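Below sits a lone chain in structure tokens, taken as the form deposited in one PDB entry.
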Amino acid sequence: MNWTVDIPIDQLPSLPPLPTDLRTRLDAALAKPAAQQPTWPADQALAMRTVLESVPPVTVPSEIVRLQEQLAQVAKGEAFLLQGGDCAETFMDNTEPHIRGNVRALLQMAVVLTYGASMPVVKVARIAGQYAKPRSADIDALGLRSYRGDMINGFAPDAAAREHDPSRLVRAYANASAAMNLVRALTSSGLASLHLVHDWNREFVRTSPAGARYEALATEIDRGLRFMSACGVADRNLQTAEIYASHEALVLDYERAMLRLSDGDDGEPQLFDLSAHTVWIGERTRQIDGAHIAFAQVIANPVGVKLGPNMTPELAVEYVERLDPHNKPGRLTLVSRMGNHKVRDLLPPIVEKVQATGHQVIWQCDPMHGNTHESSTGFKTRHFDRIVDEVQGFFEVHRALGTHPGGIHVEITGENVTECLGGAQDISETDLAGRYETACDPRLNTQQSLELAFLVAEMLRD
């Protein structure tokens, strides 16, 4: 009568517990305060975690130690990181076409950034779990509790949908798993083929209005590829695409339910978060003595920390001390998100002081989150131009210092959406109402995210 189906969550027997020592450590760490947590009752949360402790993981430990070695390259200045995908994944759009479109977009950026940087690009999707977000107000504009992502409540704007229901924990796992399944299939398919991927770049250059501007680079990359193949490289000679899953580690009941211990064949058991390959802690949940930082300390996965305009060099050094106590290159990524009017002035002393610690972090640019604003026509938006200028400024600080602009972190879709302003298409304030589809922040659309790749490429070539 209400267009809903109820799926019973199966109550299945448990596997053995994690060992008691690591449990003792994890418990000590999660007694710390945790910001932004759902407000569901403990018994229900407890119940839902118990279901997730025995489900097949989303990732496995070997992929994560592989990601760790690729990231060390990045930290040593010999590889570049690309991380990008939906601001918020929703369950409704966790469909083959949308997932295929974001995977394409990302591989499309990747070949352009690879040519331009002249080194490997490690590809990290914001996918298979980006279902939770913070909020600054518990009351939104409609006078409702805030949407906090599909792992927590519903986007629909009513009270019943907005209550925090922990059965969304198991709904998230399911969608994460199904999405992961599909990204592994698509990355071992013809979709990954370099030759394919950059014929899209060429359809892009034909159809775009700033197309004349990018033709030269597009033709060069093309000739690059034609030269690979003329020298006898065919696609089975490359070893296949690797696209890694990441999300913000926000909801501790989910992340800790997804903890596992590794074979001990690799060598030495340890705790991995198998909800994803790498995760990051956000600007609202990175309190130095908080449950999120503590949790990142305990997990073997590479981690990242979002660093905003209020950040001090001294808080940054503490992150490095807390999150890279063994000095492992690429274990910690520090993510700059300052605004394009501020990165040139604010980032430099942060880098100087962290570089002096003797540790090797990855410096990655997030040119989105610092540069958001509301248009006169209602919608929340970002100016493409300001986004570009932030990557520009981040490259300029790294050049001036001799450190390595390690990568970017961007919110993008393969959809032809009208969320961010400007770009070649100069989406205006008027155009935002046509296809404003984000469940949260404004995403660069397919064309804009590509255009940005071209522009970051020319930056890597200087």
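Just so we're on the same page, rigid core means the largest C-alpha set that superposes within 1.5 Å between forms. We number the residues from 1 along the sequence you see. Only residues modelled in both forms are compared.
Keep in mind that the form deposited in another entry is missing from the display, and what follows is about it.
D266 C-alpha relocation of at least 2 Å between this form and the one not shown, rigid core basis: Yes, the C-alpha moves 2 Å or more.
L18: Cα shift of 2 Å or greater between this form and the one not shown (core-aligned): True for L18: a C-alpha shift of 2 Å or more.
Outcome for the Cα pair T438, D6 in the other entry, compared with this form (closer or farther; change of 3 Å or more): Farther apart in the other entry, by 3 Å or more.
Sense of the change in Cα distance from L169 to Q11 in the other entry - at least 3 Å versus the shown form: Farther, not closer.
Shared-residue segments moving between this form and the one not shown, Cα shift 2 Å or more over 3+ consecutive positions, core-fitted: When the rigid core is held fixed, residues 1-21, 265-268 are the runs that shift.
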